[PDB]
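Q: Quick one, structure for this:
(chains A, B and C, ligands or ions: 7)
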Amino acid sequence: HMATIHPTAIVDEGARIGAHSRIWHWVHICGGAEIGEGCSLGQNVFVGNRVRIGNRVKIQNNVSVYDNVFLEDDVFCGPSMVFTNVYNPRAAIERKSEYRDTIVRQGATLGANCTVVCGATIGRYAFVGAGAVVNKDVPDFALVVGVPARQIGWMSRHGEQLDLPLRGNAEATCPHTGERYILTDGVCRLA
Amino acid sequence: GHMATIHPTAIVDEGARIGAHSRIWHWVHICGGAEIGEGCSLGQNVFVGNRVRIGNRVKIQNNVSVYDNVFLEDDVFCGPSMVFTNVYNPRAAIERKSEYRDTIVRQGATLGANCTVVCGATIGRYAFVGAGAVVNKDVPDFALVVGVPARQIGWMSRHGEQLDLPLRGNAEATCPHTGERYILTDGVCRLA
Amino acid sequence: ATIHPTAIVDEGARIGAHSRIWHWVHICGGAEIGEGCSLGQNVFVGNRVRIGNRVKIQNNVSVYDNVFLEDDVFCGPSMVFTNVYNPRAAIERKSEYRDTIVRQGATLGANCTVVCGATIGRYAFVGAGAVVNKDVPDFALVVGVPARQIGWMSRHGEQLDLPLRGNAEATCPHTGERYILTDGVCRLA
Ligand SMILES: CC(C)(COP(=O)(O)OP(=O)(O)OC[C@H]1O[C@@H](n2cnc3c(N)ncnc32)[C@H](O)[C@@H]1OP(=O)(O)O)[C@@H](O)C(=O)NCCC(=O)NCCS
Ligand SMILES: CC(C)(COP(=O)(O)OP(=O)(O)OC[C@H]1O[C@@H](n2cnc3c(N)ncnc32)[C@H](O)[C@@H]1OP(=O)(O)O)[C@@H](O)C(=O)NCCC(=O)NCCS
Ligand SMILES: CC(C)(COP(=O)(O)OP(=O)(O)OC[C@H]1O[C@@H](n2cnc3c(N)ncnc32)[C@H](O)[C@@H]1OP(=O)(O)O)[C@@H](O)C(=O)NCCC(=O)NCCS
Ligand SMILES: CC(=O)N[C@H]1[C@@H](OP(=O)(O)OP(=O)(O)OC[C@H]2O[C@@H](n3ccc(=O)[nH]c3=O)[C@H](O)[C@@H]2O)O[C@H](C(=O)O)[C@@H](O)[C@@H]1N
Ligand SMILES: CC(=O)N[C@H]1[C@@H](OP(=O)(O)OP(=O)(O)OC[C@H]2O[C@@H](n3ccc(=O)[nH]c3=O)[C@H](O)[C@@H]2O)O[C@H](C(=O)O)[C@@H](O)[C@@H]1N
Ligand SMILES: CC(=O)N[C@H]1[C@@H](OP(=O)(O)OP(=O)(O)OC[C@H]2O[C@@H](n3ccc(=O)[nH]c3=O)[C@H](O)[C@@H]2O)O[C@H](C(=O)O)[C@@H](O)[C@@H]1N
Ligand code: NA
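A: Numbering: from 1, shown residues only, chains lettered A, B, ... in the order given. Ligands and ions are numbered 1, 2, ... in the order given. Right below this line is the structure:
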């Protein structure tokens, strides 16, 4: 049941990778990293030391999970999406002491080639469209697109838009499962 | 010296079909189901899935992952770190391997550096997707599209320069490099 | 320079003291890299490339032929350079490369893209994800697709209290250094 690791991958002494996880070609994981069970890390992923990745997190090719990135259970990182840890980098000024956290909450989907400016929290089951640039917190269930990203709707856990306004108070059901969502002052939650 | 073939660091899985005179560079991984034509170039860290067909003289720059259900015709150009997809609405907790949508890129299309194509879109012959655009709808033959999301702003000749053609209606234009004539018919561009 | 054993640095490449080359980097034999640089995972460097001193290049950056990086340039993770403006696979355009010159202290944010031909000014700052397709003035802060200027960044890397255009003066509070905006061009006084 131990994690399976491609022979071309480099997992540095000390790293913790949970059962049933799968680590693919030319992945490098630093020794501080903690990765849960049933994760998948695609070709050329990088993982830093100051990183916690939960269970069943699927990370596509070419994603660098840097120090100060935290991924909850069931997060999806699409191909070539990009995390950061310094807000205002300058090569002349080492900013390793100024890292900002990026927290991605359970079930959030980070679309292909999106970018997340450090300091943002991405809420539970949020959905960041392909290519978006996130530079503010993303509410639970929010669908955001564009550069920079702006909220255009709400996404059910299953991954389809809810017939719910952005603002105010309202209720709606998932078009697939029928489960109910409540909007209260512009914040969406599961009933 | 000798012509480069397949860099020794590449991994080409048993079964892959690669045409003559193609060049596969450092730390490329090609899956066993893939078919790749003649005269192609695959840059550093390319990935190619199993359910993939790539034509002839397809030039793929570094860091492009040609996933299952992407199909590239002859003379397609994939710019550095452009991005294909195959699931429209991914959720880690919901496996969607039976829900892949095709991305078909027709002959001569150019996909600019760091663009992204949302699966399901078809990219027309000799289309031109500007650097960093995000394509989420079909792109007509010859269309020049830019932006997030991508919008059509012009028409690009086979040579790769804008044609003096309006976006809609009927019109004609000539490429000054080749003298090739183009006809627009109710907003659809073709070579004469 | 210190070079990870998985990196491939082709014979002829010049790499200065105190530089660090990380996992599965490939550097071509014509490249010139200065002192105190850092090249992250899977970086690629072409032959017709000059990279100055103390240039920090994060993972997944391809520094292609005709890209020139001055000292103290920062290239963020997965940012993207180009060298052909209008590529077509059928038409080899290796003779038509356009230069991309990135001047001293400029920062290229994560996952930005620079269309070849642009010059990026000294201490400019290209926001994460921007697509640059025009020259970026010294100290300009630009964001968006395509990139548009929204302010001015000090060397330290925080916005200066200057109008977007016009004539004005400002001081960096971290260093006390003075900036002068003359006819929309910012400089150190
Ligand atoms: C967000 C997404 C799921 C579409 O959701 P949807 O509910 O079907 O939304 P629609 O297509 O109706 O689009 C709604 C609006 O948002 C815009 N939009 C949708 N996705 C967008 C994106 N990624 N970037 C910018 N705008 C986008 C649409 O253009 C439309 O606006 P318009 O009418 O002004 O043109 C899809 O576009 C997307 O980004 N998928 C991600 C695919 C991916 O990253 N997969 C990775 C795994 S392989
Ligand atoms: C599209 C491209 C070829 C320019 O074509 P062009 O016919 O010269 O067009 P122009 O530069 O006149 O631009 C026309 C409009 O489109 C905009 N535009 C052009 N390219 C754009 C891009 N990639 N993204 C967003 N907008 C863009 C321009 O800003 C201009 O708009 P504006 O007048 O409102 O500012 C070029 O910008 C590009 O994207 N090249 C791709 C380079 C590449 O990917 N190379 C990879 C191989 S190394
Ligand atoms: C540019 C940046 C430094 C913010 O600078 P700032 O002076 O704090 O600017 P603000 O956040 O006040 O933003 C000012 C405006 O520009 C917009 N903006 C800021 N950064 C943006 C970006 N990258 N793309 C698009 N828009 C952006 C903001 O949304 C705001 O406009 P709005 O009011 O319409 O929303 C930051 O967003 C950024 O891009 N950092 C780069 C991180 C990176 O690449 N790190 C790499 C090393 S790990
Ligand atoms: C990766 C990281 O967090 N980078 C931040 C950092 O940059 P940098 O150029 O100094 O790099 P870097 O820490 O040396 O690592 C470079 C590469 O070496 C590899 N690397 C490095 C160390 C290690 O122990 N293992 C390893 O694999 C691994 O491949 C790694 O990617 O400081 C910058 C800053 O000051 O603003 C921040 O903006 C950056 N986000
Ligand atoms: C690659 C791919 O098509 N991913 C889709 C997929 O995700 P995932 O995390 O389950 O991955 P994955 O199939 O295990 O392959 C991961 C990596 O392992 C390597 N890989 C994998 C298998 C193989 O035979 N060879 C190989 O190299 C190779 O490097 C590969 O990149 O299911 C998602 C979903 O359900 O929504 C879809 O959104 C994703 N687009
Ligand atoms: C990389 C580069 O500058 N590409 C430009 C080029 O495309 P292309 O497909 O012909 O490639 P390429 O020169 O064969 O190199 C491909 C890969 O082989 C590797 N490579 C290649 C040669 C070499 O000596 N060493 C090496 O590592 C290395 O990994 C390299 O990335 O001609 C196009 C064009 O005509 O418009 C331009 O738009 C492209 N910007
Ligand atoms: Na990218």
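Q: in chain A, what residue is nearest ligand 2?
A: residue A:147 (10.0 Å; C-beta to the nearest ligand atom). For the C-beta atoms, the positions are set from N, CA and C on the backbone; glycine is no exception.
Q: give me every residue that touches that residue.
A: Counting by C-beta atoms under 8 Å, 6 or more residues apart in numbering or on different chains, residue A:147 makes contact with A:131-133, B:148, C:129-130, C:143-145.
Q: Where does residue A:188 sit: helix, strand or coil?
A: Secondary structure, DSSP: H, G, I helix; E, B strand; the rest coil: residue A:188 is strand.
Q: Which pair of the contacts of residue A:147 spans the longest distance?
A: The largest separation in the contacts of residue A:147, counting by C-beta to C-beta, is between A:131 and C:143 at 14.4 Å.
Q: wait, residue A:118 sits on residue A:85?
A: Yes. The criterion here is C-beta atoms under 8 Å, and residue A:118 meets it with residue A:85 at 5.0 Å.
Q: show me the contacts for the most centrally placed residue in chain A.
A: By C-alpha atoms, centre = their mean, chain A has its centre lying nearest to residue A:104, at 4.6 Å. Residue A:104 makes contact with A:69-72, A:75, A:110, A:116, A:121-122, according to C-beta under 8 Å, 6+ apart.
Q: Let's see if you can find the most crowded of those residues.
A: residue A:110 (30 neighbours; other C-beta atoms under 10 Å in any protein chain shown).
Q: residue contacts, that one?
A: Counting by C-beta under 8 Å, 6+ apart, residue A:110 has contacts A:75-78, A:81, A:104, A:116, A:122, A:128.
Q: can you rerun that using 10 Å?
A: By C-beta atoms under 10 Å, 6 or more residues apart in numbering or on different chains, the contact list for residue A:110 reads A:59-60, A:63, A:71, A:75-78, A:81-83, A:104, A:116, A:122, A:126-130, A:132, A:134, A:138, B:90.
Q: now, which of these lie close to ligand 3?
A: When contact is defined as C-beta under 6 Å from any ligand atom, the contacts of residue A:110 do not meet ligand 3 at all.
Q: Can you spell out the domain ranges of chain A, please?
A: Using curated CATH domains, the domain ranges for chain A come out as A:1-152, A:153-191.
Q: most tightly surrounded among the ones you listed?
A: domain A:1-152 (a mean of 21; mean count of other C-beta atoms under 10 Å in any protein chain shown).
Q: That one close to ligand 6?
A: No. Domain A:1-152 lies out of reach of ligand 6 by C-beta under 6 Å from any ligand atom, never closer than 13.6 Å.
Q: Any residues of chain A in contact with ligand 4? List them.
A: A:28, A:30, A:46, A:48, A:66-67, A:85-86, A:89, A:94-96.
Q: Serialize those residues to CSV and add fields for secondary structure.
A: Shown next, in CSV, are the residues of chain A next to ligand 4 (three-state DSSP):
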residue, secondary structure
A:28, strand
A:30, coil
A:46, strand
A:48, coil
A:66, coil
A:67, coil
A:85, coil
A:86, coil
A:89, coil
A:94, coil
A:95, coil
A:96, helix
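Q: Relative to ligand 1, which of these is nearest.
A: residue A:46 (19.0 Å).
Q: Specify the beta-bridge partners of that closest one.
A: residue A:28, residue A:64 (DSSP bridges).
Q: so what's it up against?
A: A:26-30, A:33, A:62-66, A:83, C:22-23, C:40-42, C:58-60, C:77.
Q: got it, and residue A:125?
A: By C-beta under 10 Å, 6+ apart, the neighbours of residue A:125 are A:74, A:105-109, A:140-142, A:154-159, A:188, A:190, B:91, B:93.
Q: between the contacts of residue A:104, which is closest to chain C?
A: residue A:116 (8.4 Å; C-beta to the nearest C-beta).
Q: Now that closest one: closest residue in space, sequence neighbours ignored.
A: In this structure, residue A:116 finds its nearest non-sequential neighbour in residue A:134, 4.7 Å apart by C-beta to C-beta, 6 or more residues apart in numbering or on different chains.
Q: ok, that neighbour touching residue A:102?
A: Yes. At 9.1 Å, residue A:134 counts as touching residue A:102 under the criterion of C-beta atoms under 10 Å.
Q: Mutual contacts of these two, please.
A: Looking at what touches both residue A:134 and residue A:102 (by C-beta under 10 Å, 6+ apart), the common residues are A:116-117, A:120-122.
Q: Tabulate the residues you listed in a markdown table, adding columns for secondary structure.
A: A markdown table is the format used below for the shared contacts of residue A:134 and residue A:102 (three-state DSSP):
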| residue | secondary structure |
| --- | --- |
| A:116 | strand |
| A:117 | coil |
| A:120 | coil |
| A:121 | strand |
| A:122 | strand |
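Q: picking that back up, so which of the contacts of residue A:110 are in strands?
A: Applying DSSP state E to those, the entries found in strands are A:59, A:71, A:76-77, A:82-83, A:104, A:116, A:122, A:127-128, A:134.
Q: residues touching the residue of chain A positioned farthest from its centre, list them.
A: Centroid-distance maximum for chain A: residue A:92 at 29.7 Å, with C-alpha atoms, centre = their mean. Counting by C-beta under 10 Å, 6+ apart, residue A:92 touches C:54, C:56, C:71-74, C:104-105, C:123, C:155-157.
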